[PDB]
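J.: Sending over entry_24.csv (CSV, C-alpha atoms).
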chain,number,residue,atom,x,y,z
A,24,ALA,CA,-19.1,210.1,34.0
A,25,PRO,CA,-15.7,210.9,32.2
A,26,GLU,CA,-14.1,207.8,33.8
A,27,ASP,CA,-17.0,205.6,32.7
A,28,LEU,CA,-16.8,207.2,29.3
A,29,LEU,CA,-13.0,206.7,29.4
A,30,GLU,CA,-13.7,203.0,30.3
A,31,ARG,CA,-16.4,202.8,27.7
A,32,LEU,CA,-14.5,204.7,25.0
A,33,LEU,CA,-11.4,202.6,25.7
A,34,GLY,CA,-14.0,199.8,25.9
A,35,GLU,CA,-15.3,200.9,22.5
A,36,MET,CA,-11.7,200.7,21.4
A,37,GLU,CA,-11.7,197.3,23.0
A,38,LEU,CA,-14.9,196.5,21.2
A,39,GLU,CA,-13.4,197.8,17.9
A,40,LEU,CA,-9.9,196.5,18.5
A,41,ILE,CA,-11.3,193.0,18.7
A,42,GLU,CA,-13.3,193.9,15.6
A,43,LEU,CA,-10.0,195.0,14.1
A,44,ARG,CA,-8.6,191.7,15.6
A,45,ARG,CA,-11.4,189.9,13.7
A,46,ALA,CA,-11.0,192.1,10.7
A,47,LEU,CA,-7.2,191.8,10.5
A,48,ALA,CA,-7.6,188.0,11.0
A,49,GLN,CA,-10.0,188.1,8.1
A,50,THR,CA,-7.3,189.7,6.0
A,51,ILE,CA,-4.9,186.9,7.1
A,52,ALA,CA,-7.8,184.5,6.6
A,53,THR,CA,-7.5,184.9,2.8
A,54,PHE,CA,-3.8,185.3,2.0
A,55,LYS,CA,-3.1,181.6,2.5
A,56,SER,CA,-6.2,180.6,0.5
B,57,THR,CA,4.6,200.9,36.8
B,58,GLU,CA,7.9,200.0,38.6
B,59,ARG,CA,7.2,196.3,38.2
B,60,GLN,CA,6.7,196.9,34.5
B,61,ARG,CA,10.1,198.7,34.3
B,62,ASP,CA,11.8,195.7,36.0
B,63,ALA,CA,10.0,193.3,33.6
B,64,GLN,CA,10.9,195.4,30.6
B,65,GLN,CA,14.5,195.8,31.9
B,66,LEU,CA,14.6,192.1,32.5
B,67,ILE,CA,13.3,191.6,29.0
B,68,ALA,CA,16.1,194.0,27.8
B,69,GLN,CA,18.5,191.8,29.8
B,70,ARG,CA,17.0,188.8,28.2
B,71,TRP,CA,17.5,190.4,24.8
B,72,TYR,CA,20.9,191.5,25.9
B,73,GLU,CA,21.6,187.9,26.9
B,74,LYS,CA,20.5,186.8,23.4
B,75,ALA,CA,22.7,189.6,22.1
B,76,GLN,CA,25.4,188.3,24.3
B,77,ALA,CA,25.0,184.9,22.7
B,78,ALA,CA,24.4,186.4,19.2
B,79,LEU,CA,27.7,188.2,19.2
B,80,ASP,CA,30.4,185.4,19.4
B,81,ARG,CA,32.6,184.3,16.4
B,82,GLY,CA,31.7,187.1,14.1
B,83,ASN,CA,27.9,186.7,14.0
B,84,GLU,CA,27.5,190.5,14.0
B,85,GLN,CA,24.7,190.4,11.4
B,86,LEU,CA,22.4,188.8,14.0
B,87,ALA,CA,23.8,191.1,16.7
B,88,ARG,CA,23.3,194.1,14.4
B,89,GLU,CA,19.6,193.2,14.3
B,90,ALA,CA,19.4,191.8,17.8
B,91,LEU,CA,21.0,194.9,19.4
B,92,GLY,CA,18.4,197.0,17.7
B,93,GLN,CA,15.7,194.9,19.3
B,94,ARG,CA,16.8,195.9,22.8
B,95,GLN,CA,16.9,199.6,22.0
B,96,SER,CA,13.1,199.3,21.4
B,97,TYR,CA,12.8,198.1,25.0
B,98,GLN,CA,15.4,200.7,26.1
B,99,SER,CA,13.1,203.4,24.8
B,100,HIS,CA,10.5,202.0,27.3
B,101,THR,CA,13.3,201.7,29.9
B,102,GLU,CA,14.1,205.4,29.4
B,103,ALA,CA,10.5,206.5,28.8
B,104,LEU,CA,9.1,204.6,31.7
B,105,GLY,CA,12.2,205.1,33.8
B,106,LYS,CA,12.0,208.9,33.6
B,107,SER,CA,8.3,208.8,34.3
B,108,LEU,CA,8.8,206.7,37.4
B,109,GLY,CA,11.1,209.4,38.8
B,110,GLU,CA,8.6,212.1,38.2
B,111,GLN,CA,5.8,210.1,39.9
B,112,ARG,CA,7.9,209.8,43.0
C,57,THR,CA,7.7,171.9,42.0
C,58,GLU,CA,11.1,170.9,43.5
C,59,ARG,CA,10.2,167.2,43.2
C,60,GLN,CA,9.4,167.7,39.5
C,61,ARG,CA,12.8,169.4,39.1
C,62,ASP,CA,14.5,166.3,40.7
C,63,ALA,CA,12.5,164.0,38.5
C,64,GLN,CA,13.2,166.0,35.4
C,65,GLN,CA,16.9,166.3,36.4
C,66,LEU,CA,16.9,162.5,37.0
C,67,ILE,CA,15.3,162.1,33.6
C,68,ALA,CA,18.1,164.3,32.2
C,69,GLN,CA,20.6,162.1,34.0
C,70,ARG,CA,18.8,159.1,32.6
C,71,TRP,CA,19.1,160.6,29.1
C,72,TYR,CA,22.6,161.5,30.0
C,73,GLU,CA,23.2,157.9,31.0
C,74,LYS,CA,21.8,156.9,27.6
C,75,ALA,CA,24.0,159.5,26.0
C,76,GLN,CA,26.9,158.2,28.1
C,77,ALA,CA,26.2,154.8,26.5
C,78,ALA,CA,25.3,156.2,23.1
C,79,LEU,CA,28.7,157.8,22.8
C,80,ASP,CA,31.2,155.0,22.8
C,81,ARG,CA,33.1,153.7,19.7
C,82,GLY,CA,32.2,156.5,17.4
C,83,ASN,CA,28.4,156.3,17.7
C,84,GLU,CA,28.2,160.1,17.6
C,85,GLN,CA,25.2,160.2,15.3
C,86,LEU,CA,23.0,158.7,18.0
C,87,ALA,CA,24.7,160.9,20.6
C,88,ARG,CA,24.2,163.9,18.3
C,89,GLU,CA,20.5,163.3,18.5
C,90,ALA,CA,20.5,161.9,22.0
C,91,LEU,CA,22.3,164.9,23.5
C,92,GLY,CA,19.7,167.1,21.9
C,93,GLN,CA,17.0,165.2,23.8
C,94,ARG,CA,18.5,166.1,27.2
C,95,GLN,CA,18.7,169.8,26.3
C,96,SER,CA,14.9,169.7,26.0
C,97,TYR,CA,14.8,168.6,29.6
C,98,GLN,CA,17.6,171.0,30.5
C,99,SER,CA,15.3,173.9,29.4
C,100,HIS,CA,12.9,172.6,32.0
C,101,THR,CA,15.8,172.2,34.4
C,102,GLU,CA,16.8,175.8,33.8
C,103,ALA,CA,13.3,177.1,33.4
C,104,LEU,CA,11.9,175.3,36.5
C,105,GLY,CA,15.3,175.7,38.3
C,106,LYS,CA,15.2,179.4,38.1
C,107,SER,CA,11.6,179.6,39.0
C,108,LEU,CA,12.2,177.5,42.2
C,109,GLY,CA,14.8,180.1,43.3
C,110,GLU,CA,12.4,182.9,42.9
C,111,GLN,CA,9.6,181.1,44.8
C,112,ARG,CA,12.0,180.7,47.8
D,113,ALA,CA,-18.5,176.0,-34.3
D,114,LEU,CA,-21.5,177.0,-32.2
D,115,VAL,CA,-20.9,174.5,-29.4
D,116,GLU,CA,-17.1,175.1,-29.2
D,117,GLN,CA,-17.2,178.9,-29.0
D,118,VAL,CA,-20.0,178.9,-26.4
D,119,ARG,CA,-18.1,176.6,-24.1
D,120,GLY,CA,-15.2,179.0,-24.1
D,121,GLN,CA,-17.5,181.8,-23.2
D,122,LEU,CA,-18.8,180.0,-20.1
D,123,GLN,CA,-15.3,178.9,-19.1
D,124,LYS,CA,-14.0,182.4,-19.6
D,125,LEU,CA,-17.1,183.9,-17.9
D,126,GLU,CA,-16.8,181.5,-15.0
D,127,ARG,CA,-13.1,182.0,-14.9
D,128,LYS,CA,-13.6,185.7,-14.8
D,129,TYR,CA,-16.6,185.3,-12.5
D,130,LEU,CA,-14.6,183.5,-9.8
D,131,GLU,CA,-11.7,186.0,-10.1
D,132,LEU,CA,-14.1,188.9,-9.6
D,133,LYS,CA,-15.6,187.1,-6.6
D,134,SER,CA,-12.1,186.2,-5.5
D,135,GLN,CA,-11.0,189.8,-5.2
D,136,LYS,CA,-14.2,190.6,-3.2
D,137,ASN,CA,-13.1,189.4,0.2
D,138,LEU,CA,-9.6,190.7,-0.3
D,139,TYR,CA,-10.9,194.3,-0.6
D,140,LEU,CA,-13.7,193.8,2.0
D,141,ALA,CA,-10.8,193.2,4.3
D,142,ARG,CA,-9.7,196.8,3.6
D,143,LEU,CA,-13.4,197.9,4.2
D,144,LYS,CA,-13.6,196.8,7.8
D,145,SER,CA,-9.9,197.7,8.2
D,146,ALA,CA,-10.8,201.2,6.9
D,147,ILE,CA,-13.7,201.2,9.4
D,148,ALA,CA,-11.2,200.0,12.0
D,149,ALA,CA,-8.6,202.5,10.8
D,150,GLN,CA,-10.8,205.6,11.4
D,151,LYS,CA,-13.1,204.8,14.4
D,152,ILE,CA,-10.1,203.5,16.3
D,153,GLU,CA,-8.1,206.7,15.9
D,154,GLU,CA,-11.5,208.5,16.3
D,155,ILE,CA,-11.5,207.6,20.0
D,156,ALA,CA,-7.8,208.5,20.2
D,157,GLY,CA,-8.7,212.1,19.3
D,158,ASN,CA,-11.0,212.3,22.3
D,159,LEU,CA,-7.9,212.8,24.5
D,160,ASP,CA,-5.9,215.4,22.6
D,161,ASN,CA,-5.5,219.1,23.2
D,162,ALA,CA,-8.9,220.8,23.6
D,163,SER,CA,-10.3,217.3,24.0
D,164,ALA,CA,-10.9,215.3,27.2
D,165,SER,CA,-7.2,216.0,27.8
D,166,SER,CA,-8.1,219.7,28.1
D,167,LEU,CA,-11.0,218.5,30.3
D,168,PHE,CA,-8.2,216.7,32.2
E,169,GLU,CA,-13.0,203.5,-5.1
E,170,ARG,CA,-15.6,205.6,-3.2
E,171,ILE,CA,-14.5,203.4,-0.2
E,172,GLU,CA,-11.0,204.5,-1.2
E,173,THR,CA,-12.3,208.0,-1.2
E,174,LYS,CA,-13.8,207.1,2.2
E,175,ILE,CA,-10.4,205.7,3.2
E,176,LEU,CA,-8.8,209.0,2.0
E,177,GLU,CA,-11.7,210.9,3.5
E,178,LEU,CA,-10.7,209.4,6.9
E,179,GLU,CA,-6.9,208.8,6.2
E,180,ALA,CA,-6.7,212.6,5.8
E,181,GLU,CA,-8.5,213.1,9.1
E,182,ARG,CA,-5.9,210.9,10.8
E,183,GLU,CA,-3.3,213.0,8.9
E,184,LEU,CA,-4.7,216.1,10.5
E,185,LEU,CA,-5.4,214.4,13.9
E,186,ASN,CA,-2.0,212.8,13.7
E,187,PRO,CA,0.5,214.7,11.5
E,188,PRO,CA,2.7,212.4,9.4
E,189,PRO,CA,6.3,211.9,10.4
E,190,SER,CA,8.2,214.9,9.0
E,191,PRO,CA,11.2,214.2,6.8
E,192,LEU,CA,13.4,215.8,9.5
E,193,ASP,CA,12.5,212.9,11.9
E,194,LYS,CA,12.9,210.4,9.1
E,195,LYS,CA,16.6,211.5,9.0
E,196,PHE,CA,16.8,211.0,12.7
E,197,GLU,CA,14.9,207.7,12.6
E,198,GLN,CA,17.3,206.8,9.7
E,199,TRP,CA,20.4,208.5,11.3
E,200,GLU,CA,19.7,208.4,15.0
E,201,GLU,CA,19.3,204.6,14.5
E,202,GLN,CA,22.9,204.5,13.1
E,203,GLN,CA,24.3,205.3,16.5
E,204,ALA,CA,21.7,203.2,18.1
E,205,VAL,CA,23.3,200.3,16.2
E,206,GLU,CA,26.8,201.6,15.7
E,207,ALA,CA,27.2,203.0,19.2
E,208,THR,CA,25.5,200.0,20.8
E,209,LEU,CA,27.7,197.6,18.7
E,210,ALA,CA,30.7,199.9,19.1
E,211,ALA,CA,30.9,198.7,22.7
E,212,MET,CA,30.0,195.1,21.6
E,213,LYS,CA,32.6,195.1,18.9
E,214,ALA,CA,35.2,196.2,21.4
E,215,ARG,CA,33.9,194.9,24.7
E,216,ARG,CA,34.1,191.1,24.1
E,217,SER,CA,35.7,190.9,20.6
F,169,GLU,CA,-13.0,174.9,1.6
F,170,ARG,CA,-15.4,177.1,3.6
F,171,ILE,CA,-14.1,175.0,6.5
F,172,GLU,CA,-10.7,175.8,5.3
F,173,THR,CA,-11.7,179.5,5.3
F,174,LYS,CA,-13.0,178.7,8.8
F,175,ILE,CA,-9.6,177.1,9.5
F,176,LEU,CA,-8.0,180.3,8.2
F,177,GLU,CA,-10.7,182.4,10.0
F,178,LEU,CA,-9.4,180.8,13.2
F,179,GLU,CA,-5.8,180.1,12.3
F,180,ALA,CA,-5.4,183.8,11.7
F,181,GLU,CA,-6.9,184.4,15.2
F,182,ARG,CA,-4.3,182.1,16.7
F,183,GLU,CA,-1.8,184.0,14.6
F,184,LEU,CA,-2.9,187.3,16.3
F,185,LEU,CA,-3.4,185.6,19.7
F,186,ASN,CA,-0.1,183.9,19.3
F,187,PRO,CA,2.3,185.7,16.9
F,188,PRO,CA,4.2,183.2,14.7
F,189,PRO,CA,7.9,182.5,15.3
F,190,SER,CA,9.8,185.4,13.8
F,191,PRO,CA,12.6,184.6,11.4
F,192,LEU,CA,15.0,186.0,13.9
F,193,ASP,CA,14.2,183.3,16.4
F,194,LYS,CA,14.3,180.7,13.6
F,195,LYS,CA,18.0,181.6,13.1
F,196,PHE,CA,18.5,181.1,16.9
F,197,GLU,CA,16.4,177.9,16.9
F,198,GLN,CA,18.5,176.8,13.9
F,199,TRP,CA,21.8,178.4,15.2
F,200,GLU,CA,21.4,178.4,19.0
F,201,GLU,CA,20.8,174.6,18.5
F,202,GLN,CA,24.2,174.4,16.8
F,203,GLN,CA,26.0,175.1,20.1
F,204,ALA,CA,23.4,173.1,22.0
F,205,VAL,CA,24.7,170.1,20.0
F,206,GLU,CA,28.2,171.3,19.2
F,207,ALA,CA,29.0,172.7,22.7
F,208,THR,CA,27.3,169.7,24.4
F,209,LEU,CA,29.1,167.3,22.2
F,210,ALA,CA,32.2,169.4,22.3
F,211,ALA,CA,32.7,168.2,25.9
F,212,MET,CA,31.5,164.7,25.0
F,213,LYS,CA,33.9,164.5,22.0
F,214,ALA,CA,36.7,165.5,24.3
F,215,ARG,CA,35.6,164.3,27.8
F,216,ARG,CA,35.6,160.5,27.2
F,217,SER,CA,36.9,160.2,23.6
What is this structure when it is put down as structure tokens?

T.:
Amino acid sequence: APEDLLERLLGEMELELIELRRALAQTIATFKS
Amino acid sequence: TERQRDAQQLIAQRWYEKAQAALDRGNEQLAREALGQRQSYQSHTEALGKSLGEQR
Amino acid sequence: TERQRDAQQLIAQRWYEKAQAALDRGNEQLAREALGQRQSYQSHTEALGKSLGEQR
Amino acid sequence: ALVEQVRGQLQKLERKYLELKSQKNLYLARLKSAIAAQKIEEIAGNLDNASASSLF
Amino acid sequence: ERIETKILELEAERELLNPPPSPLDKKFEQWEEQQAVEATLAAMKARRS
Amino acid sequence: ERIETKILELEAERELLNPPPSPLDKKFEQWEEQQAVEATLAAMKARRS
């Protein structure tokens, strides 16, 4: 369904945004070191 | 959506309240920056505000 | 929640009472710090106080 | 002369070795960020003109 | 650098998917903000001065 | 230090989960406190001096 895809795609953004959240934190994880 | 507008508008009032307190005795440098902060919320106030009217 | 406000307000009065006794004969250094202590409770007094009105 | 020069090699090599490995994670941050940079906006393009938005 | 080419291989895509801010808007963002601060502070600098 | 990287691996997360106090608020926390002491003691230094 387009809605389920919209949820899943936005969910995929949620899956990736958290990955960006993890990835961006990894960037911050090294600057202080 | 309307509740968000009130919250954003209240946040703008909160920032305006801080701007109201960041203005006295010549502290315009902080107000200069602080006032700009509200305009970011005003964009939402205008952007969400106009949208709310259309949805009616 | 209202009982907490009274207790916090009484605590603020207690701190104000200590501030009232930490002020005499030029002991402003202790009052300078002591008065700041109440404002921490005042934040609760204002924060919880405003919330109580909304809940009504 | 043999022992002195070789110690400097290891120290310089190890000093260079750690710096090379030091820059590793700093750039791998851009790697996943680059992966995040594209595939995030990749889903954004799915709701533009001729996209799902045109399906809308 | 091939990753950098990959970054540019995909940064350009976002450039086409999302055109960059034109210099005209930069003037606005840099000039329209002047009133956003001046006009907003114009009332503040006269309201309760 | 890998634990320190773990600390930073998770301190950064709290940084994203909870953004750090911006310097603007630091001015307030450092300036808004000035009235919180001055204004509060302004009455004390004049009320029962």

J.: With the cut-off set at 12 Å and counting all atoms listed in the file, tabulate each residue of chain C with an atom at most that distance from an atom of region 177-201 of chain F, showing the nearest atom pair and its distance in Å to one decimal, ordered by chain and increasing number, as CSV.

T.:
residue,atom,partner,partner_atom,distance
C:88,CA,F:201,CA,11.2
C:89,CA,F:201,CA,11.3
C:91,CA,F:201,CA,11.0
C:92,CA,F:201,CA,8.3
C:93,CA,F:201,CA,11.4
C:95,CA,F:201,CA,9.4
C:96,CA,F:201,CA,10.7

J.: Pick out the residues sitting within 10 Å of residue 209 (chain E), and hand them over as an MDAnalysis selection string; count only C-alpha atoms, and ignore anything fewer than 5 positions along from it in its own chain.

T.: (chainID B and resid 79 84 87:88 91:92) or (chainID E and resid 203:204 214:215)

J.: Using C-alpha atoms, can you write the selected residues to a file as a compact mmCIF listing (two decimals), in the frame of the given file?

T.:
# COMPACT_ATOMS: atom_id res chain seq x y z
CA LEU B 79 27.70 188.20 19.20
CA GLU B 84 27.50 190.50 14.00
CA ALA B 87 23.80 191.10 16.70
CA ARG B 88 23.30 194.10 14.40
CA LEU B 91 21.00 194.90 19.40
CA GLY B 92 18.40 197.00 17.70
CA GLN E 203 24.30 205.30 16.50
CA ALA E 204 21.70 203.20 18.10
CA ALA E 214 35.20 196.20 21.40
CA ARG E 215 33.90 194.90 24.70

J.: How many Å lie between CA of residue 138 (chain D) and CA of residue 125 (chain D), rounded to one decimal?

T.: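 Result for CA of residue 138 (chain D) versus CA of residue 125 (chain D): 20.3 Å, one decimal.
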
J.: As an exercise, work out the distance from CA of residue 42 (chain A) to CA of residue 155 (chain D) in Å and give it to one decimal place.

T.: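 Distance between the two atoms: 14.5 Å.
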
J.: Kindly provide, as number ranges by chain, the polymer residues lying within 10 Å of (-10.6, 209.7, 20.7), counting all atoms listed in the file and using the coordinates exactly as they appear in the file.

T.: A: 29, 32-33, 36; D: 151-160, 163-164; E: 185

J.: Can you give chain F as a PDB file with C-alpha atoms, keeping the file's coordinate frame after you superpose it on chain E, pairing all C-alpha atoms in order for the least-squares fit?

T.:
ATOM      1  CA  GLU F 169     -13.023 203.469  -5.044  1.00  0.00           C
ATOM      2  CA  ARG F 170     -15.678 205.519  -3.214  1.00  0.00           C
ATOM      3  CA  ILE F 171     -14.504 203.442  -0.245  1.00  0.00           C
ATOM      4  CA  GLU F 172     -11.065 204.426  -1.165  1.00  0.00           C
ATOM      5  CA  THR F 173     -12.247 208.072  -1.203  1.00  0.00           C
ATOM      6  CA  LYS F 174     -13.773 207.158   2.175  1.00  0.00           C
ATOM      7  CA  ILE F 175     -10.362 205.717   3.122  1.00  0.00           C
ATOM      8  CA  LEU F 176      -8.828 209.010   1.986  1.00  0.00           C
ATOM      9  CA  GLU F 177     -11.762 210.948   3.592  1.00  0.00           C
ATOM     10  CA  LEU F 178     -10.636 209.367   6.866  1.00  0.00           C
ATOM     11  CA  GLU F 179      -6.947 208.858   6.244  1.00  0.00           C
ATOM     12  CA  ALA F 180      -6.687 212.582   5.717  1.00  0.00           C
ATOM     13  CA  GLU F 181      -8.483 213.055   9.095  1.00  0.00           C
ATOM     14  CA  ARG F 182      -5.896 210.864  10.769  1.00  0.00           C
ATOM     15  CA  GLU F 183      -3.338 212.916   8.893  1.00  0.00           C
ATOM     16  CA  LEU F 184      -4.732 216.132  10.537  1.00  0.00           C
ATOM     17  CA  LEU F 185      -5.409 214.359  13.869  1.00  0.00           C
ATOM     18  CA  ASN F 186      -2.006 212.830  13.710  1.00  0.00           C
ATOM     19  CA  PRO F 187       0.480 214.781  11.526  1.00  0.00           C
ATOM     20  CA  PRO F 188       2.668 212.410   9.454  1.00  0.00           C
ATOM     21  CA  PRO F 189       6.341 211.884  10.335  1.00  0.00           C
ATOM     22  CA  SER F 190       8.204 214.896   9.020  1.00  0.00           C
ATOM     23  CA  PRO F 191      11.218 214.271   6.838  1.00  0.00           C
ATOM     24  CA  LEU F 192      13.343 215.750   9.534  1.00  0.00           C
ATOM     25  CA  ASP F 193      12.488 212.977  11.934  1.00  0.00           C
ATOM     26  CA  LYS F 194      12.936 210.427   9.122  1.00  0.00           C
ATOM     27  CA  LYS F 195      16.614 211.515   8.924  1.00  0.00           C
ATOM     28  CA  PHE F 196      16.841 210.984  12.745  1.00  0.00           C
ATOM     29  CA  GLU F 197      14.911 207.685  12.546  1.00  0.00           C
ATOM     30  CA  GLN F 198      17.290 206.734   9.708  1.00  0.00           C
ATOM     31  CA  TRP F 199      20.395 208.475  11.280  1.00  0.00           C
ATOM     32  CA  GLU F 200      19.701 208.399  15.037  1.00  0.00           C
ATOM     33  CA  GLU F 201      19.333 204.582  14.450  1.00  0.00           C
ATOM     34  CA  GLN F 202      22.861 204.575  13.019  1.00  0.00           C
ATOM     35  CA  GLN F 203      24.361 205.314  16.458  1.00  0.00           C
ATOM     36  CA  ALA F 204      21.725 203.160  18.126  1.00  0.00           C
ATOM     37  CA  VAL F 205      23.326 200.258  16.202  1.00  0.00           C
ATOM     38  CA  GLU F 206      26.813 201.640  15.692  1.00  0.00           C
ATOM     39  CA  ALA F 207      27.267 203.026  19.259  1.00  0.00           C
ATOM     40  CA  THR F 208      25.592 199.921  20.787  1.00  0.00           C
ATOM     41  CA  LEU F 209      27.676 197.645  18.709  1.00  0.00           C
ATOM     42  CA  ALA F 210      30.650 199.893  19.075  1.00  0.00           C
ATOM     43  CA  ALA F 211      30.928 198.666  22.690  1.00  0.00           C
ATOM     44  CA  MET F 212      29.979 195.125  21.660  1.00  0.00           C
ATOM     45  CA  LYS F 213      32.612 195.088  18.855  1.00  0.00           C
ATOM     46  CA  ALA F 214      35.171 196.190  21.379  1.00  0.00           C
ATOM     47  CA  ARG F 215      33.863 194.886  24.768  1.00  0.00           C
ATOM     48  CA  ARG F 216      34.101 191.100  24.129  1.00  0.00           C
ATOM     49  CA  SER F 217      35.690 190.918  20.639  1.00  0.00           C
TER      50      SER F 217
END

J.: Would you mind telling me which residue in D:124, D:137, D:148, D:114 lies nearest to chain F when using only C-alpha atoms?

T.: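 The closest residue to chain F is D:137.
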
J.: Nearest residue to residue 62 (chain C) out of C:104, C:81, C:94, C:99, using only C-alpha atoms?

T.: C:104

J.: Work out how far CA of residue 176 (chain F) is from CA of residue 40 (chain A), in Å to one decimal.

T.: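 One can read the CA of residue 40 (chain A) to CA of residue 176 (chain F) distance as 19.3 Å.
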
J.: For a quick test of understanding: name the residues of chain E lying within 9 Å of chain B when counting only C-alpha atoms, and present them as a ChimeraX atom specification.

T.: /E:201,204-206,208-209,212-213,216-217

J.: Residues proximal to (15.0, 184.7, 32.8) were defined as those with any atom within 12 Å of that point in the file's coordinates, counting all atoms listed in the file. Which are they, as number ranges by chain?

T.: B: 62-74; C: 99, 102-107, 109-110
